[PDB]
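Visitor: Got a structure for you, questions after.
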Amino acid sequence: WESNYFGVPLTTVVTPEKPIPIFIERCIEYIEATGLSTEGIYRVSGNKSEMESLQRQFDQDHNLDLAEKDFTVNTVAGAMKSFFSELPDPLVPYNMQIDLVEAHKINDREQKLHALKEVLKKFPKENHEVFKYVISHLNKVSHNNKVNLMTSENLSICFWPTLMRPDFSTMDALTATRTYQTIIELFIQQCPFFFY
């Protein structure tokens with residue numbers, strides 16, 4: 001199917017005054033109100049038909065109310081990720097990724113985090129805002145890990161491919177895996193240091 005909202009550049013669906021895509025707001029706000037206790041949220045994949053549906057229905061009118069529509073929490077979670085994997089360019093731009101990976105080389109933890117926050121300063125503002133929003137949301141989901149089982153480590157495992165889209169004819173898949181996973185885990189766990 002075709003869309004004016006999904007699969008289009010990030011700037012097309014955000015303004016500097018309302019920087020978070022409305023679809024992302026709906027899903028995250030609904031997931032926070034409905035799914036913070038669901039085991040494996042974001043890790044479990046949902047009905048692909050139900051997501052395509054949710055996206056299509058939202059495409060029709062942007063005031064869609066997920067409450068009045070009886071969607072699985074996993075369906076809304078998966079549909080939220082889908083928006084990001086459908087973006088023409090990954091939320092975390094490739095150029096920033098290079099710098100992110102470099103900073104990560106620094107072994108001392110405090111040093112490493114400063115290095116990382118430095119790259120974080122160079123993000124395009126449109127992305128930095130959405131990244132901030134998503135990451136804090138994930139930080140919150142992680143605060144209920146005893147119940148929902150999704151520690152910050154787990155959450156990056158579900159998210160780093162989606163947010164970064166690494167090209168694996170450019171690095172060893174296993175090593176690139178540990179590297180991206182940890183980077184996102186740090187952004188999630190050290191959310192306050194990176195974003196407060």
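Virtual Cβ from ideal backbone geometry, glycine too; neighbours counted across all protein chains shown. Just so you know, all these numbers are worked out from the coordinates, no wet-lab data involved.
Visitor: Inside the stretch 160-195, can you point out the residues that are farther than 13 Å from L113 by Cβ and of a type in the set (F, W, Y)?
Guide: Result: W160, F168, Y180.
Visitor: Looking only at residues that are buried (at least 16 other Cβ atoms within 10 Å of the Cβ) and β-branched (V, I, T) in the stretch 27-66, which one is nearest to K146 (Cα to Cα)?
Guide: The residue in question is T38.
Visitor: Look through the stretch 91-103, keep the residues that are in contact with a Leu (Cβ under 7 Å, 6 or more places away or on another chain) and farther than 19 Å from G7 by Cβ, and return whichever of them is surrounded by the most Cβ atoms within 10 Å (Cβ to Cβ).
Guide: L100
Visitor: Which members of the stretch 61-110 meet the condition of being acidic (D, E) and more than 26 Å from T38 (Cβ to Cβ)?
Guide: Selection gives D61, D89, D99, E102, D108, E110.
Visitor: Tell me, yes or no, whether the stretch 76-97 has at least one residue that is polar (S, T, N, Q) and under 18 Å from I24 (Cβ atoms).
Guide: So in the stretch 76-97, the residues polar (S, T, N, Q) come out as 82, 85, 95, 97.
Next cut, under 18 Å from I24 (Cβ atoms) only: 82, 85.
Yes: one or more hits.
Conditions tested, residue by residue: (1) of a type outside the set (D, E, K, R); (2) touching a strand residue (DSSP E or B) at 6+ places or on another chain (Cβ under 9 Å); (3) touching a residue at least 60 places away in the same chain (Cβ under 8 Å).
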residue: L149; (1), (2), (3): yes, no, yes
residue: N154; (1), (2), (3): yes, no, yes
residue: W160; (1), (2), (3): yes, no, no
residue: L163; (1), (2), (3): yes, no, yes
residue: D167; (1), (2), (3): no, no, no
residue: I183; (1), (2), (3): yes, no, yes
residue: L186; (1), (2), (3): yes, no, yes
residue: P192; (1), (2), (3): yes, no, no
residue: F195; (1), (2), (3): yes, no, yes
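Visitor: Oh, and also: Evaluate the following for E153: is it acidic (D, E) and closer than 23 Å to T38 by Cα?
Guide: Taking the combined requirement at face value, the residue satisfies it.
Visitor: Could you run through the stretch 15-26 and say how many residues are surrounded by 12 or more Cβ atoms within 10 Å (Cβ to Cβ) and either within 14 Å of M80 (Cβ to Cβ) or over 16 Å from the mean Cα position of the chain (by Cα) (or both)?
Guide: Counting residues in the stretch 15-26 that are surrounded by 12 or more Cβ atoms within 10 Å (Cβ to Cβ) and either within 14 Å of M80 (Cβ to Cβ) or over 16 Å from the mean Cα position of the chain (by Cα) (or both) gives 7.
Visitor: Taking the residues in the stretch 132-153 that are buried (at least 21 other Cβ atoms within 10 Å of the Cβ) and not hydroxyl-bearing (S, T, Y) as candidates, determine which candidate is nearest to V14 (Cα to Cα).
Guide: Here the residue is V134.
Visitor: Hey, another quick one. Taking helices (runs of 4 or more DSSP H) that fall entirely within the stretch 107-175, which contain at least 1 residues that are small (G, A, S)?
Guide: 109-121, 125-142, 152-164
Visitor: Taking the stated definitions as given, is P88 out of contact with any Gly (no Cβ under 8 Å at 6 or more places or on another chain), in contact (Cβ under 8 Å) with a residue 24 or more places away in the chain and within 25 Å of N4 (Cα to Cα)?
Guide: no
Visitor: Related question: Picking from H104, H143, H114, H128, which residue would you name as being in contact (Cβ under 8 Å) with a residue 12 or more places away in the chain and not aliphatic (A, V, I, L, M)?
Guide: Working: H143 fails: in contact (Cβ under 8 Å) with a residue 12 or more places away in the chain; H114 fails: in contact (Cβ under 8 Å) with a residue 12 or more places away in the chain; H128 fails: in contact (Cβ under 8 Å) with a residue 12 or more places away in the chain.
Of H104, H143, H114, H128, the one residue that is in contact (Cβ under 8 Å) with a residue 12 or more places away in the chain and not aliphatic (A, V, I, L, M) is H104.
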